[PDB]
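Engineer: What follows is a single structure, and I will ask about it in a moment.
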Amino acid sequence: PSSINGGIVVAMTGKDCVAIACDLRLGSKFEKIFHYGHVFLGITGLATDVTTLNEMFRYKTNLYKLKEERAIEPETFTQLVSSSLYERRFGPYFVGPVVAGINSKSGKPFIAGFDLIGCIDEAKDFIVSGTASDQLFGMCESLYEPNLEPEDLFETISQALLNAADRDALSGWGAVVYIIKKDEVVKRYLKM
Amino acid sequence: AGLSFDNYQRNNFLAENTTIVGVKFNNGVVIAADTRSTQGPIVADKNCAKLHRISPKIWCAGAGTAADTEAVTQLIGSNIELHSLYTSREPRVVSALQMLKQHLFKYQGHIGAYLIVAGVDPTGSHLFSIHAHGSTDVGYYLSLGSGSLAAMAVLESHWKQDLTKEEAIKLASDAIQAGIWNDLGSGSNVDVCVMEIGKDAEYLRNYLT
Amino acid sequence: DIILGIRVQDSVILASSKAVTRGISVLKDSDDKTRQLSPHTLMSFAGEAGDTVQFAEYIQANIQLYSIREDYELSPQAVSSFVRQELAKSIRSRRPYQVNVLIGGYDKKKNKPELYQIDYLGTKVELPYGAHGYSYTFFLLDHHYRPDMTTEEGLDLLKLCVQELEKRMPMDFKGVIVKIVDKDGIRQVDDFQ
Amino acid sequence: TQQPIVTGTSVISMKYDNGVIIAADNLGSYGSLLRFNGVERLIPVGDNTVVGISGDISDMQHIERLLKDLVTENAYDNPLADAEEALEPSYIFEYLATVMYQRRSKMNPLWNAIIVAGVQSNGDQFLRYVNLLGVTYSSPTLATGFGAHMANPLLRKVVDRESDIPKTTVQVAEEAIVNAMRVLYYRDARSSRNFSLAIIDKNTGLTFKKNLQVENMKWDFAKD
Amino acid sequence: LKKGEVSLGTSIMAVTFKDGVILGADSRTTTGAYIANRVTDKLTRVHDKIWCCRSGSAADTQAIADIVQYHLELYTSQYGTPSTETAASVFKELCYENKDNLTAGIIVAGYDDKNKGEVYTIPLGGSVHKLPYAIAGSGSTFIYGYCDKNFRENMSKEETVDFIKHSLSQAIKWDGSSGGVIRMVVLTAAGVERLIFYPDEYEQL
Amino acid sequence: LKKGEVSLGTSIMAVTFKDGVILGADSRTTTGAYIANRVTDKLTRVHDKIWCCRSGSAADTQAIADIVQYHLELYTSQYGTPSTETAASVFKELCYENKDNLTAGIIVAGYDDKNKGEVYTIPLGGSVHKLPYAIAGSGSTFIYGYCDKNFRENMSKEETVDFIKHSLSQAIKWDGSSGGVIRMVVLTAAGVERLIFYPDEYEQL
Amino acid sequence: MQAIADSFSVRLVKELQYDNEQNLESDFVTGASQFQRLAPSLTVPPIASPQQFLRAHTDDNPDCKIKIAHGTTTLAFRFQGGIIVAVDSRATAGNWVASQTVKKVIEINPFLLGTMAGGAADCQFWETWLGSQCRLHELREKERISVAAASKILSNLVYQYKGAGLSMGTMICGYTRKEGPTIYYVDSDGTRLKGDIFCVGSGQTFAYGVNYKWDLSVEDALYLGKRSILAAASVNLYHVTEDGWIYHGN
Amino acid sequence: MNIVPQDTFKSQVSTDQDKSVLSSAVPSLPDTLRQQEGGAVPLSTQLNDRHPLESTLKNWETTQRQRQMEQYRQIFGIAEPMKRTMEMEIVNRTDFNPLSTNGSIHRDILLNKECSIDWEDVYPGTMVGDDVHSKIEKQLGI
Amino acid sequence: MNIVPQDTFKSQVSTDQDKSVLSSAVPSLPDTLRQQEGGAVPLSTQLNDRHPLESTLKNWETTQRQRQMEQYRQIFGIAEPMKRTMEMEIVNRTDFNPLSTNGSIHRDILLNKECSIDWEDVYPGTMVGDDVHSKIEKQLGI
Amino acid sequence: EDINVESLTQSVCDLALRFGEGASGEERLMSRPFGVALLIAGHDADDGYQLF
Amino acid sequence: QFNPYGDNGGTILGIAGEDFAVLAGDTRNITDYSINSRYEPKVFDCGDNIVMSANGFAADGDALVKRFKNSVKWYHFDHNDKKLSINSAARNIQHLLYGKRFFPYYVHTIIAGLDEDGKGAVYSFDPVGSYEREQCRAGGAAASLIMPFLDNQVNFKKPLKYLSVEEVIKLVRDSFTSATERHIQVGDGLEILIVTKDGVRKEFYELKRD
């Protein structure tokens, strides 16, 4: 019940939309995806570091909105995450973060991943984080197709998560999926 | 202040429980790299830009810890921009070399960045290699990365003093191509940057494929 | 594994815990850490895994061969000496293994009970009482032991020792099997400790 | 064995249309000391095979003894020992690879990397590699040690696939080998300027060249 | 000394002669067995007629040499041209005070109107020794005898050039970490003269 | 190689000249920094005109030399005087077949009517090399250059004596494990000649 | 005497190490005697510390790791109708597709069953070898071997190699006329323990809730075993009687 | 031409490697009772934790003899080692003293040890199977 | 003339070494509540298991400044380091901004860091005692 | 798999050869030849029913 | 201490059809980041319509294949040239692997052929002899990428039972092309051996060489 370390995060890009999904534990709270207005961050790894990073980024994004008088864009948030991670060069957090979002002015979807000291990997297709399943990357590679509609993208990412969960730990596995458009965000739960 | 040492003991307790070339030619310098980015044996990105810009006419490419390379390059670029504004003069490659050398020596090799730096300034064209511990060296042609041996073989095969711009570009492209073919770390594309005296820098993304 | 033994005026009482290996749940009712060497000599053993059982069965086979060959029974002293020799021999060319044996017998030529203890290095000591496997029962034995105690008083002292042992062990300690060697041979106390 | 003491650096080799070419330098090093000059590391076996050995020198001499004994035992009570019952490169390689794997399995290995080159009786080219672990493989170009990292990229530009073999003449292959040796002398600290070369051709037989030196060295741009 | 650090496996010589001093070195920088740079210049100038060669850690020696050059510029702004002894003292202080953290050895060759050419050696540890001639590096061990049999006081310039060329050719021949071209600087009252000799010349000596 | 074992930090030379061969050595045996024996004789005779010098473990080399002498007596009982090549082959076989358990290196100098003086060196590992001249030991590293500059083929006896004396004097001068007197054996068609030179003679060369 | 001359008459064979008969047999040079040994020959590295070598080289990237048997719960118990053996049949998944159902119970012969634990290869190999030994014994004595004898044979075998690296834990179950039904547990440490109820693997405590009496019917015993496995958690069931084992599946 | 004994480690093991003490009930397994080693000595324990000098001492004389035979073969020919081995085999084969362990005088003469003493000479050294008949069976191979 | 900082380890310890957080009930003991370090941090734990580069990084600039002052003393005399130190002391002494942590412009001019950036500049960085009055008390030494 | 009847018969005959040199070159094992003859009746899939 | 093991990372895949079997492998032989060769086959015809591959340390796999083929020769000599069935071959290979229990081969072994009824059969082995019959198995560096591709393409989606030889060959080629695009150690070439009642057929395809 108190063991929540680990997990997986999958981010994918469609046509004028993005999808970010994470695994969720069983029933009888701790979700690994957070948002800062219209930028979504999913963190895998040590749970205490995940909570610390979420609190720090909420702090920084609130101050940024108060000063700039506008919400922060995915690229700027990516750079901020990179610099914050690099600050702890010799004591780094045991985390793998993934960022997804849509730029307001341009409408271009954006996803990125980070290493534990902030090296940025900007991918045009998808990002997978976590070490729960080794075949999850292969399943995402086999299922992904460029320029998918939000319904098709949701189906693809949900199928990838379900297939990864089937050949892995079971009896309580759940998923949380976010479909992000320029003006609409949909959050869904998968109990399969 | 500075880089933090917090959670060092905690991390210890938890633990207890690329081809880059640079070529000089008669009126400038050329730097070239491959575009394959890997995370272990997995190809993370088939089109990655490894050529970085310290200043409009001073470029570099690195190996080692990627985050360290990027951070050090950006810090030195900020220092170079401020110094150029302060002196109202074009930045010199020697100044960037001095800043990089002293910064790397301060950290006693704990910043894992190995660099090739090429540039053009009012004093001429310059090419340097920089080691993580702070040692620097000068040369007419340099190679770096896991594919550096094949690229160096190609460079030693077809290098001469009187090289034109086109010959230098072809030689750098061939060295990167050899690293691409014979090294598992490289393979996708070739990025080039040509810095010629008296002209703007020319950045060629995906020069070959 | 814990073993205890008390030599009372006319007999020897040996108590062995009916324990089991770790990681596997077993339902059994038998004394697996005791071999009858001769109709008037019993051996209880404690220690590590099957090395000890192999040694005990080897000793039993040798003693049975002697009994068949001579149509005669070795005295407890000779049996203990042979066991000590074999235990010393078994570790002359290998890393020593944890083993501790209590040999209790009734000599009919002398008509008296005898008790011996041999440790893992092959040290044989003749004792009025002994134990192995306990991290104190020594003081309880010292204060409440007399050479001319009867079998009943020895059983009462053994029961006190068992209670003292069980007061500092979990319920996983199922119990102790008790056997008595005297002039009529070897018998099992089916009632209690 | 269990540690190298006196060693040689690298051997390189390639196939061309009508035969094979192999080459190796003439140095035996003693650590950082370039102790022995004049060590022959190409061993001609028969009229059709050349064996190049890199690594421990004492083990190399042991292998030379084994090869000589093999040649002698082939001719034992054999009238046509040089006409039709002469040793083939494949036979020699099979024996050597068996020895290498057996001595690896004994935890008593021979610290060498071996390349066998030659022409079979039917005119086919033979070029194969074995090492101290018993790992064997074949390729149109082969090299050991530092050469494997620098000579192979240069040689594969001439012969990159099987179909390139019929298009490569002896002159082009020899020039490529010489240039690779020059590059190795440039960039290998345990290398020597003196080297030996061997050409095995299905028409002209075996040509063994000794006392070859790296020439045309561009030591001119160091003035400034 | 540091793990994964560039070392200086060189061949260094400095000889005092009648008209001044000559400093000579090879041009090879290696990483293990791979030659990282075959045309490196090892003759470091800290003042117009005060030069040095370095051994040990490359980064530590470069930092020390930069600090020494800065110190000599500060001294020159006050009192004019420094003596070779002053530069040697500064080198010695920097090497000795940091010997627990830095690995550095320095050969210093200088000329001045008062002392007329001097050589100092500072091996690992930080001690200083003044000598008529000095050798250092991994390849020096192979020419200890030859130099001892062929050095004379007050040699001419050509004789000193020949002596250094022969000694460094032998050092290159026997040491795997040494090779390339031979670079020399001649410091006299006339000025500074740079010389280079190529392998095809000295290998036939 | 064995813990607490006597090592051979010597200076060994063998030179072929017009009339035959000369083998020379120093006379110092040390245990760490203490000199255990300053007049030791290092010229080992395995046959009337076949001599050797040893390096590495003293016990292993002594055992190997005794076995070789016994082998050569057996050979002489059959076929007469053996050649230097045969003795070198026996030494090489003994050293190579036992290289995992014994540490031994041997320099062999011989004379015979057919080959007229030969030198062989068997370094650690067991390989064999035939050379016009050979040097070995801890003090040899300091005379690699000098010998390379002063050896000529077909020298006279006196010139060879002088060359060996100078080289070994330098080796003694620079090596702490070498010292004492210089002992030489001259093997020609005339016979065997033993020579000794004292420190007060060769230190003034 | 001429054999001595041949021994002293001559290198190549010595380097090939083929002068030894064992090497020739292992490489099938002189025939197929290697596949004709009742006691298998096991290769060891010719060094001073084979055990340390094996332990270091086994506890370290590709799929070339030694396969470990399932840690799934297995139960065996005995009643007046024979023996009930129940194994949770959840199959682990990897980069492969199974042709049919994977059996976690080894059928030693039509009368003996064994349970896998620890090293899968060790259990399979040595239980097949035990089946061969039992067949030879029954041919010789013209009578079915008792469970005690087979368990003792396996225990002696594994004890001879104790500490070398073997890892196995098995339950030998059999019904003979003389002994009735009998269950032994034998592991790589040499322990040989006769018992009435055995629960091995993860969740053994939950499955040890066996409602157990020596008067249970066959159907009641099968239901009890199935329920115990479900409480520990499909289930594979075996009923061993004097006439052999019968596989039910559930 | 070996000096220190080599190739002393065992390359393969089996439960029936000791043919003289094989169990009659299970011929693939050894008979622990007739081994008389204490009953708790698996063969695997003999493969580890040995004194490094034991193998060198146990095979020293055989190694020296083999080197002598190889030298004779190289210098004299095949016949000399053949004759030495034949003499030694003849002497060793016809000596059968079940009540003694000392070597024969003729063997010592052949080995050139007439006036030589080693620690093997000073220190030359049950319930089951230590009688004359066991030695008869081992000698005759029945 | 130091390059790498030296003499960084502490030679003596005491329970009252940190004078600013001494307890008022027991002046010989520190006040753990006002320390605000988590309440479970003994001083002894700070003497072991430190990153070896932390002391070098923390004292690098001071070491370089001391070397520069020593060079000035050797070459120019006592007056030059005296004046540099006096200027730095005057600038640092009269700056008191309890609501800010950034350094002054004049300090950067004196340190010749007008157009220089390091990681200390990029990364310059409770329930009890983090107010203006604590800084006033520390500054005034009352 | 089941062994062929002819293969088993060949193995038995090879054993019987042991009064001389073995089939694979083994040394002599018996002092005299056997004094018994065998009739081996078998069935295999390859050759049906066989009598040897 | 001397390390007797190495790594020559490659990828193999065995699939059993209705009346055929396929065993494929990449032909790249590498050491660390270097390329030893671009065409070094690892799938061999062992006679009697049995194909074998031992991926991992190349020397151990070559030795195992050599021993198995010699044993097959003696089996033909001693049993009137009887055909060796696939299950008997699997048992022989299990014994060969377990004979090195304390000094194991550092390989993963796949064999393929036709069973007694004519159906395709594939057997997979652990390094010390534990073996099982399977419908499909991938091994090596890129198995975790090849298996999801086949699982998405096929149902074990047209069922595998009704696929033809050409369709299986196409699926193998596509999966290996994807793995070559994603994995640095996979490329150069792909070789496939197909076993049917008519025998063994070889096919070769080129892969990306970077």
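Residues in the structure tokens are named by chain (A, B, ... in the order shown) and by number from 1 within that chain; ligands are numbered from 1 in the order shown.
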Give me the chain E side of the contact with chain I, cut-off 12 Å, one line per residue showing its nearest atom pair and distance in Å at one decimal, counting only C-alpha atoms, sorted by chain and residue number, as CSV.

Structural biologist:
residue,atom,partner,partner_atom,distance
E:60,CA,I:3,CA,9.6
E:61,CA,I:3,CA,11.7
E:63,CA,I:3,CA,8.9
E:64,CA,I:3,CA,8.6
E:66,CA,I:3,CA,11.9
E:67,CA,I:3,CA,9.5
E:68,CA,I:71,CA,10.5
E:70,CA,I:71,CA,9.9
E:71,CA,I:71,CA,7.2
E:72,CA,I:75,CA,9.6
E:73,CA,I:75,CA,10.5
E:74,CA,I:75,CA,7.2
E:75,CA,I:75,CA,6.1
E:76,CA,I:75,CA,9.5
E:77,CA,I:75,CA,9.5
E:78,CA,I:75,CA,7.5
E:79,CA,I:75,CA,9.0
E:80,CA,I:75,CA,11.7
E:82,CA,I:75,CA,11.6
E:86,CA,I:75,CA,11.5
E:89,CA,I:1,CA,11.8
E:90,CA,I:1,CA,9.0
E:91,CA,I:1,CA,10.3
E:92,CA,I:1,CA,10.5
E:93,CA,I:1,CA,7.0
E:94,CA,I:1,CA,6.1
E:95,CA,I:2,CA,9.4
E:96,CA,I:1,CA,9.6
E:97,CA,I:2,CA,6.3
E:98,CA,I:2,CA,6.3
E:99,CA,I:4,CA,10.1
E:100,CA,I:6,CA,9.3
E:101,CA,I:4,CA,6.9
E:102,CA,I:4,CA,8.3

Engineer: Atoms to include: N, CA and C atoms. Write the selected residues as a compact mmCIF listing (two decimals), in the first residue's frame.

Structural biologist:
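Contents of the output file out_7.txt:
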# COMPACT_ATOMS: atom_id res chain seq x y z
N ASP E 60 47.34 20.11 -14.81
CA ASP E 60 48.01 20.75 -13.69
C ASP E 60 49.19 21.59 -14.16
N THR E 61 50.00 21.03 -15.07
CA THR E 61 51.16 21.77 -15.57
C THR E 61 50.74 22.98 -16.39
N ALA E 63 47.96 24.76 -15.94
CA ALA E 63 47.50 25.76 -14.99
C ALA E 63 48.68 26.44 -14.29
N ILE E 64 49.68 25.65 -13.88
CA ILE E 64 50.85 26.21 -13.21
C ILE E 64 51.60 27.14 -14.15
N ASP E 66 50.41 28.83 -16.73
CA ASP E 66 49.65 30.06 -16.92
C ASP E 66 49.82 31.00 -15.73
N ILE E 67 49.77 30.46 -14.51
CA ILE E 67 49.96 31.30 -13.33
C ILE E 67 51.36 31.89 -13.31
N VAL E 68 52.37 31.11 -13.72
CA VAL E 68 53.74 31.60 -13.74
C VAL E 68 53.90 32.72 -14.76
N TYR E 70 51.55 34.78 -15.81
CA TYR E 70 50.89 35.95 -15.22
C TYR E 70 51.78 36.60 -14.15
N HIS E 71 52.41 35.79 -13.31
CA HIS E 71 53.30 36.30 -12.27
C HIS E 71 54.48 37.05 -12.88
N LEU E 72 55.04 36.52 -13.96
CA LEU E 72 56.18 37.17 -14.59
C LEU E 72 55.78 38.46 -15.30
N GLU E 73 54.57 38.52 -15.85
CA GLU E 73 54.09 39.80 -16.38
C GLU E 73 53.95 40.84 -15.27
N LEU E 74 53.41 40.43 -14.12
CA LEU E 74 53.32 41.35 -12.99
C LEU E 74 54.71 41.82 -12.56
N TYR E 75 55.67 40.90 -12.49
CA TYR E 75 57.04 41.27 -12.10
C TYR E 75 57.66 42.23 -13.12
N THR E 76 57.44 41.97 -14.41
CA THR E 76 58.03 42.81 -15.45
C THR E 76 57.45 44.22 -15.41
N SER E 77 56.16 44.34 -15.08
CA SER E 77 55.57 45.67 -14.94
C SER E 77 56.26 46.52 -13.88
N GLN E 78 56.96 45.88 -12.93
CA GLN E 78 57.62 46.59 -11.84
C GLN E 78 59.12 46.75 -12.07
N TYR E 79 59.84 45.65 -12.28
CA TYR E 79 61.30 45.66 -12.21
C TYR E 79 61.98 45.27 -13.52
N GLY E 80 61.23 45.10 -14.60
CA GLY E 80 61.83 44.73 -15.86
C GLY E 80 61.99 43.24 -16.05
N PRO E 82 62.79 39.57 -15.62
CA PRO E 82 63.17 38.71 -14.50
C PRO E 82 64.30 37.76 -14.88
N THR E 86 64.40 33.50 -10.64
CA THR E 86 63.11 33.93 -10.11
C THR E 86 61.97 33.08 -10.66
N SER E 89 62.09 29.74 -9.04
CA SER E 89 61.57 29.80 -7.67
C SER E 89 60.05 29.83 -7.66
N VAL E 90 59.43 30.58 -8.57
CA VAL E 90 57.97 30.62 -8.63
C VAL E 90 57.42 29.25 -9.00
N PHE E 91 58.02 28.61 -10.01
CA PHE E 91 57.62 27.26 -10.39
C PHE E 91 57.74 26.30 -9.21
N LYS E 92 58.86 26.38 -8.48
CA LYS E 92 59.08 25.48 -7.35
C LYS E 92 58.05 25.71 -6.26
N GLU E 93 57.74 26.97 -5.95
CA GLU E 93 56.75 27.24 -4.92
C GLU E 93 55.38 26.69 -5.31
N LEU E 94 54.97 26.92 -6.56
CA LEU E 94 53.68 26.41 -7.01
C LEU E 94 53.63 24.88 -6.98
N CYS E 95 54.72 24.22 -7.40
CA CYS E 95 54.72 22.76 -7.42
C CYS E 95 54.76 22.18 -6.02
N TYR E 96 55.57 22.75 -5.13
CA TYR E 96 55.73 22.18 -3.79
C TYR E 96 54.50 22.42 -2.93
N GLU E 97 53.94 23.63 -2.96
CA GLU E 97 52.79 23.92 -2.11
C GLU E 97 51.54 23.15 -2.52
N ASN E 98 51.48 22.63 -3.75
CA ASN E 98 50.32 21.88 -4.22
C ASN E 98 50.66 20.43 -4.55
N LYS E 99 51.75 19.90 -3.99
CA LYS E 99 52.19 18.56 -4.36
C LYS E 99 51.24 17.47 -3.88
N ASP E 100 50.38 17.76 -2.90
CA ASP E 100 49.40 16.78 -2.45
C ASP E 100 48.18 16.70 -3.35
N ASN E 101 47.97 17.68 -4.23
CA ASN E 101 46.81 17.70 -5.10
C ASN E 101 47.15 17.72 -6.59
N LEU E 102 48.34 18.18 -6.97
CA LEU E 102 48.74 18.26 -8.36
C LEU E 102 50.02 17.47 -8.59

Engineer: Could you give me, as a ChimeraX atom specification, each residue of segment 55-90 of chain K that DSSP assigns to helix (DSSP H, G or I) when run on this structure's backbone?

Structural biologist: /K:58-78,86-90

Engineer: Save out the residues we just selected, N, CA and C atoms, as a tab-separated table (two decimals), in the first residue's frame.

Structural biologist:
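Contents of the output file part34.tsv:
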chain	number	residue	atom	x	y	z
K	58	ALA	N	30.16	-16.75	-29.47
K	58	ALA	CA	30.20	-17.47	-30.74
K	58	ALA	C	31.00	-18.76	-30.65
K	59	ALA	N	32.11	-18.75	-29.91
K	59	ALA	CA	32.95	-19.95	-29.82
K	59	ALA	C	32.20	-21.11	-29.17
K	60	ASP	N	31.47	-20.83	-28.09
K	60	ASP	CA	30.70	-21.88	-27.42
K	60	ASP	C	29.61	-22.44	-28.34
K	61	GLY	N	28.92	-21.56	-29.07
K	61	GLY	CA	27.89	-22.03	-29.98
K	61	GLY	C	28.45	-22.87	-31.11
K	62	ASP	N	29.59	-22.46	-31.67
K	62	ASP	CA	30.24	-23.25	-32.71
K	62	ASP	C	30.64	-24.62	-32.17
K	63	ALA	N	31.19	-24.67	-30.96
K	63	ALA	CA	31.56	-25.95	-30.36
K	63	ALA	C	30.34	-26.84	-30.15
K	64	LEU	N	29.24	-26.27	-29.66
K	64	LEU	CA	28.03	-27.05	-29.43
K	64	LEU	C	27.49	-27.62	-30.74
K	65	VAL	N	27.44	-26.80	-31.79
K	65	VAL	CA	26.95	-27.28	-33.09
K	65	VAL	C	27.85	-28.38	-33.63
K	66	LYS	N	29.17	-28.20	-33.51
K	66	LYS	CA	30.11	-29.21	-33.99
K	66	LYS	C	29.90	-30.54	-33.27
K	67	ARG	N	29.76	-30.48	-31.94
K	67	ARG	CA	29.55	-31.70	-31.17
K	67	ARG	C	28.24	-32.38	-31.56
K	68	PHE	N	27.18	-31.60	-31.75
K	68	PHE	CA	25.90	-32.19	-32.13
K	68	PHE	C	25.98	-32.87	-33.49
K	69	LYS	N	26.65	-32.24	-34.46
K	69	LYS	CA	26.75	-32.85	-35.79
K	69	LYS	C	27.59	-34.12	-35.76
K	70	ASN	N	28.67	-34.14	-34.98
K	70	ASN	CA	29.46	-35.37	-34.86
K	70	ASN	C	28.64	-36.48	-34.20
K	71	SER	N	27.86	-36.14	-33.17
K	71	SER	CA	27.00	-37.12	-32.53
K	71	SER	C	25.96	-37.66	-33.51
K	72	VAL	N	25.44	-36.81	-34.38
K	72	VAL	CA	24.49	-37.26	-35.40
K	72	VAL	C	25.15	-38.24	-36.36
K	73	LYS	N	26.40	-37.95	-36.74
K	73	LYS	CA	27.15	-38.88	-37.59
K	73	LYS	C	27.25	-40.26	-36.93
K	74	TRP	N	27.61	-40.29	-35.65
K	74	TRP	CA	27.71	-41.58	-34.97
K	74	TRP	C	26.35	-42.25	-34.79
K	75	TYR	N	25.29	-41.45	-34.61
K	75	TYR	CA	23.95	-42.02	-34.51
K	75	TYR	C	23.55	-42.71	-35.81
K	76	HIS	N	23.88	-42.09	-36.95
K	76	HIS	CA	23.62	-42.74	-38.23
K	76	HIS	C	24.46	-44.00	-38.39
K	77	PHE	N	25.71	-43.97	-37.94
K	77	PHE	CA	26.55	-45.16	-38.06
K	77	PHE	C	26.02	-46.33	-37.22
K	78	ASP	N	25.54	-46.05	-36.01
K	78	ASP	CA	25.23	-47.12	-35.06
K	78	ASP	C	23.79	-47.63	-35.14
K	86	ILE	N	13.12	-34.87	-34.13
K	86	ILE	CA	13.40	-33.57	-33.52
K	86	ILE	C	13.43	-33.67	-32.00
K	87	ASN	N	12.55	-34.49	-31.41
K	87	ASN	CA	12.54	-34.64	-29.96
K	87	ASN	C	13.81	-35.33	-29.46
K	88	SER	N	14.29	-36.34	-30.20
K	88	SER	CA	15.55	-36.98	-29.84
K	88	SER	C	16.72	-36.01	-29.94
K	89	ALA	N	16.71	-35.16	-30.97
K	89	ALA	CA	17.73	-34.13	-31.08
K	89	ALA	C	17.68	-33.16	-29.91
K	90	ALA	N	16.47	-32.79	-29.48
K	90	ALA	CA	16.32	-31.91	-28.33
K	90	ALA	C	16.88	-32.56	-27.07

Engineer: Determine, using only C-alpha atoms, which residues of chain I have any atom at most 8 Å from an atom of chain B, and tabulate each with its shortest atom pair and distance in Å to one decimal place, rows ordered by chain and then rising number, as CSV.

Structural biologist:
residue,atom,partner,partner_atom,distance
I:49,CA,B:9,CA,6.8
I:50,CA,B:9,CA,7.6
I:51,CA,B:8,CA,7.2
I:53,CA,B:107,CA,7.5
I:54,CA,B:5,CA,7.1
I:57,CA,B:107,CA,7.2
I:60,CA,B:106,CA,7.6
I:115,CA,B:82,CA,5.2
I:116,CA,B:79,CA,5.6
I:117,CA,B:79,CA,6.0
I:118,CA,B:75,CA,7.5
I:119,CA,B:2,CA,4.6
I:120,CA,B:2,CA,3.8
I:121,CA,B:2,CA,7.1
I:122,CA,B:2,CA,7.2
I:123,CA,B:2,CA,5.2
I:124,CA,B:1,CA,4.5
I:125,CA,B:1,CA,5.0

Engineer: If DSSP is run on the backbone, what residues of segment 48-164 of chain K are strand (DSSP E)? A reply as number ranges by chain would be ideal.

Structural biologist: K: 50-56, 107-114, 120-125, 131-140

Engineer: For chain G, report every residue with an atom at most 9 Å from chain A (counting only C-alpha atoms), formatted as a PyMOL selection string.

Structural biologist: chain G and resi 92-95

Engineer: Could you turn the residues from that selection into a file that holds C-alpha atoms, as a PDB file, in the first residue's frame?

Structural biologist:
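What landed in part34.pdb:
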ATOM      1  CA  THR G  92       4.860 -16.464 -16.817  1.00  0.00           C
ATOM      2  CA  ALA G  93       5.240 -14.631 -20.125  1.00  0.00           C
ATOM      3  CA  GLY G  94       8.315 -13.651 -22.122  1.00  0.00           C
ATOM      4  CA  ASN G  95       9.518 -13.253 -25.699  1.00  0.00           C
TER       5      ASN G  95
END

Engineer: Show me, as a PyMOL selection string, the residues that have an atom within 12 Å of residue 64 of chain B when counting only C-alpha atoms, minus same-chain residues fewer than 5 positions from it.

Structural biologist: chain B and resi 18+69-70+109-115+130-132+144-146

Engineer: Could you produce a table of the residues of segment 28-98 of chain H lying within 9 Å of segment 56-76 of chain C, with the nearest pair of atoms per residue and their separation in Å rounded to one decimal, using only C-alpha atoms, ordered by chain and increasing residue number, as CSV?

Structural biologist:
residue,atom,partner,partner_atom,distance
H:32,CA,C:58,CA,7.8
H:33,CA,C:58,CA,6.6
H:38,CA,C:58,CA,7.4
H:39,CA,C:58,CA,5.4
H:40,CA,C:58,CA,8.3

Engineer: Mind listing as a VMD selection string which residues of chain B are within 9 Å of chain K, counting only C-alpha atoms?

Structural biologist: chain B and resid 38 41 to 44 146 to 147 180 to 188

Engineer: Give me, please, the distance in Å between atom CA of residue 89 of chain D and atom CA of residue 72 of chain D, quoted to one decimal.

Structural biologist: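 Interatomic distance, atom CA of residue 89 of chain D to atom CA of residue 72 of chain D: 15.7 Å.
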